[PDB]
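So this first bit is one chain, no partners, the form deposited without the partner chain, shown in structure tokens.
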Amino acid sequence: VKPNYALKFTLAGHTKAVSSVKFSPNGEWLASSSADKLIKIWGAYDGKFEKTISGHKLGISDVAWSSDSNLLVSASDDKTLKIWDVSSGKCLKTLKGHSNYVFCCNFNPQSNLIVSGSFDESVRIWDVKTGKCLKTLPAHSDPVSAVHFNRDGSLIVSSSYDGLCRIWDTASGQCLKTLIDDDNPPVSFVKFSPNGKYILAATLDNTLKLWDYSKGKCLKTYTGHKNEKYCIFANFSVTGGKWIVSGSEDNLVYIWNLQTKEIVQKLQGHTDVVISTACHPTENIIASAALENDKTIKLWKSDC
């Protein structure tokens, strides 16, 4: 019916605003990135600080895991991405080519490829083994806010402050579809649904939308939260009830019934904008993270 997410752990350690949290595919770890130029790794179930991963010259906006949970990629204002070995903490590769801040990144399912999005308005596809850039997509006419592969990696979805969502064929780099929502507020976040059929997109008019990709139709709208300023991550929660999860500029974590669009729970505790949320792959566990006047991560757990 409704979840009952309760605070389990508050994770302190970052010296500046947190930018992104992501659970490892094996569910064992939480990774966090931050304006403090650091990646930190935490136990997903006990909240225990594990290690700090350092090397970027400026703040980090996004981090992402490889399928086997062995690698991380981060996106930095220093114009690079870095591929990291999680167990050692060593930088395996530095991905150079973007001409402005790198803002978002993701591995494909196979994890032989990384996709990046930058303020340079481009989307780049990188070879994980070599670190060389395979393709540069002239994707948008403003900063790229998010990039995400579908469930088999055959497609890429991107979003930009230009007001557009675009779907790209990974193999060729050609554009398959542009989603033009009549009236084009900046699109601050986008990702595929777990089944690859839909796309969840956030726009900077306090609105989340679920689109049918094949048909190009908006099926669901989620409102009631605050989002006009920051690129806040949104999630599909699939482990218990089927929810949509997002942070909010009113310091709250919002949870909606995916189907009914009704707010089912609001998570109170953070003392600044909740910029990032992640949903655990197997357990009813949420991780949330907040900006400059908070700087902490919170782990929450529900019965459904």
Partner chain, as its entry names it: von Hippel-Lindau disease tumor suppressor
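Numbering follows the first chain given and starts at 1.
Not pictured, yet referred to below: the form solved in complex with the partner chain.
Mapping the unseen interface onto this chain, residue 85 falls outside it, with no heavy atom inside 4.5 Å of the partner chain in the bound PDB entry.
Contact check for residue 130: every heavy atom lies farther than 4.5 Å from the partner chain in the bound PDB entry.
Within this chain, residue 224 is remote from the site of the partner chain in the bound PDB entry, having no heavy atom within 4.5 Å. In the bound PDB entry, no heavy atom of residue 96 sits within 4.5 Å of the partner chain. Residue in contact with the partner chain in the bound PDB entry (any heavy atom within 4.5 Å), chosen from 126, 107, 168, 161: 161. Heavy atoms closer than or equal to 4.5 Å to the partner chain in the bound PDB entry belong, across 177-215, to the residues 184, 185, 186, ordered by sequence position.
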